[PDB]
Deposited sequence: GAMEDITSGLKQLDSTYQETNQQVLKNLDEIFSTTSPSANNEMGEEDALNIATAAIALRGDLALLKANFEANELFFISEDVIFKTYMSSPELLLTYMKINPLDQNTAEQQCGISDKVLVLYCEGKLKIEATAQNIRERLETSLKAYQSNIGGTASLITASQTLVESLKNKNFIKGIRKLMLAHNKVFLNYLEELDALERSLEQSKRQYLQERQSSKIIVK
């Protein structure tokens, strides 16, 4: 649904990245065939950011997109309802209370894995976003600066969407814990 949107956002950003990188390497090849010197240095600096910090941004977005795939599998299956969670615990005081024990434990473990992923992603963005300044500094005209700034705004928008996705997982797990406890109460009441 909204994940086609995010996948697409990523493909667009990647395309702009490849083209920015192509343009920069072409420019370096031409340069190395005082205002011009400062510009050449700004461009080499951009080439470095593109290979380094910004490649790390790209890898981060990619790891997230893959995860959104596999974790989506998890949430559409054994994590999709209390009944199916309990069943999953069964295949892998009372004999059913313990099953709920296992289910709640699995929810907790899932939330923890999601938090660790989100933390890693937030850290990668925080550490690498600063490298985008160099694309602004290397711009030779206000038009080029505008295009680079749009690219950067796009990077931030994609990041805002990914954070929404992670937090949405956590919220779903919270609702599911509520429901699992309500179902557990209802079960005990019927036994």
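Asks: Going from the first residue of the deposited sequence to the last, where are the unmodelled runs?
Replies: Model skips 34-41, 101-113, 213-220 of the deposited chain.
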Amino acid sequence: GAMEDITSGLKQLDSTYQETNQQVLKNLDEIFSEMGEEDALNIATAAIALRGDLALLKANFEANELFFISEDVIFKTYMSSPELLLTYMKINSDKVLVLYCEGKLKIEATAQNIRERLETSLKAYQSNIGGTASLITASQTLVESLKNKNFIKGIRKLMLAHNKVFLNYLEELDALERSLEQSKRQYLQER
From here on, numbers count along this sequence of modelled residues.
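Asks: Comparing 2-10 with 182-190, where is the mean C-alpha B-factor higher?
Replies: The entry gives the higher C-alpha B-factor average to 182-190.
Asks: Could you check the entry and say whether 101-109 or 114-122 has the higher mean CA B-factor?
Replies: Comparing 101-109 with 114-122, the higher average CA B-factor belongs to 101-109.
Asks: Between 56, 31, 63, 146, which carries the biggest CA temperature factor in the record?
Replies: So the option with the highest C-alpha B-factor is 31.
Asks: For the CA B factor values reported in this entry, which option in 36, 130, 52, 154 has the top one?
Replies: Going by the entry's C-alpha B-factors, 36 comes out highest.
Asks: Just say lowest, middle or highest third for the CA B-factor of residue 162 relative to the other modelled residues in its chain.
Replies: For residue 162, the deposited C-alpha B-factor lands in the lowest third.
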